[PDB]
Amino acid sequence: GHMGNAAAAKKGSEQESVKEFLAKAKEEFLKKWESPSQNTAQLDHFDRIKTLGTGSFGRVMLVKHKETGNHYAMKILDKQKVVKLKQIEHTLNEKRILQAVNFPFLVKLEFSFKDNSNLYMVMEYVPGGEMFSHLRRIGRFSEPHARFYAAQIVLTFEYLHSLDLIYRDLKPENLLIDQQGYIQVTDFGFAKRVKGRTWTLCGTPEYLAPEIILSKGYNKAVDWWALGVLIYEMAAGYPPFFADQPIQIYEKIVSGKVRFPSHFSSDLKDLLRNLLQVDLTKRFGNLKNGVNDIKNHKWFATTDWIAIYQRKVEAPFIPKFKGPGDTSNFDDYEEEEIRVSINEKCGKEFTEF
């Protein structure tokens, strides 16, 4: 066989230990999911420093905690805008997930609170910026570099899927790099708890699995498709399916055809053909052997999964970091003051926040 006795026993034992870790992690998540924390700080505890990113809901600001001096990333959501944008459920869901999960590559919600106008989620500040920026700058990552990041996503999805969470929002724009060079996942508005199927059209065109495009009921395998797209983009510098307009992207996605740069290793192409598999009965991560088909693939043969989880692997790239509060890895944005109305807006909608 492919493994002698020692290697097979070691792998079996490792896979059983994963099961044991995940069963405990589910116990812990379900406790926090049923009894969420709330109202653990307030706005005048923080000085606002700089906008790190903006979206249709509001924005994320670098803030400094006045007493501790600690920097954080504060997501500010305009309640009236959230309601107009039809995002009440997503917003409440994101906060509920963030307060309940616990994994080294998932951003930690340190405080949350609300006032008459806005919702606030105060997260650890991840100073390295988006993977997207580094990928476009460097061009493409080497296969060892791409693999170091990919392994973290595999483990994070293994974790999330054990909690019946489908992630659905994977792309380099949504992965931050921390001071040690490891990945942080921050966005959970599109994540959903579901043990079976779900049907919402959501995601980013380049990263959509065919069964989403085709308006099918779908499951957590769409995350493994998205991992395939991410690994391809990290290693190529561009995604596997692109075009001028989304409709053309979708035609390519559903076609069952993918082409690879000549510099891709055969091991990499083999993994990507099994992740970017239009046929759900054949897609890695969706088979009887589950995530083990991915973790045990030749392209990951040099990956020490436990060492990645323990953050004991030396990162291939450490972002520049001039000190706490350094924002140089983030873009510059127009700074709009934040107002709280004298009149509470949208109170009932957000009582759970």
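Rigid core (definition): largest C-alpha set, two forms, superposition within 1.5 Å. All residue numbers refer to positions in the sequence shown, first residue = 1.
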query	finding
Stretch with larger C-alpha RMS deviation in 8 other deposited structures of this protein, core superposed, 225-233 versus 80-88	80-88
335-343 against 19-27 - segment lying farther from this form in 8 other deposited structures of this protein (CA RMS, rigid core fit)	335-343
Of 340-348 and 11-19, the one with larger mean CA B-factor	340-348
218-226 set against 186-194, stretch whose average Cα temperature factor tops the other in the entry	186-194
Peak C-alpha temperature factor (PDB record), options 309, 57, 300, 284	57
Residue with maximal Cα B-factor (values as given in the PDB entry) among 293, 304, 34, 314	34
Third of chain Cα B-factors occupied by residue 176	lowest
Entry-reported Cα temperature factor of residue 118, expressed as the chain third it lands in	highest
Assigned third (lowest, middle, highest) for the C-alpha B factor of residue 111	highest
Ranked C-alpha temperature factor of residue 78 among modelled chain residues, by third	highest
Position of residue 84 among the chain's modelled residues by C-alpha B-factor, lowest, middle or highest third	highest
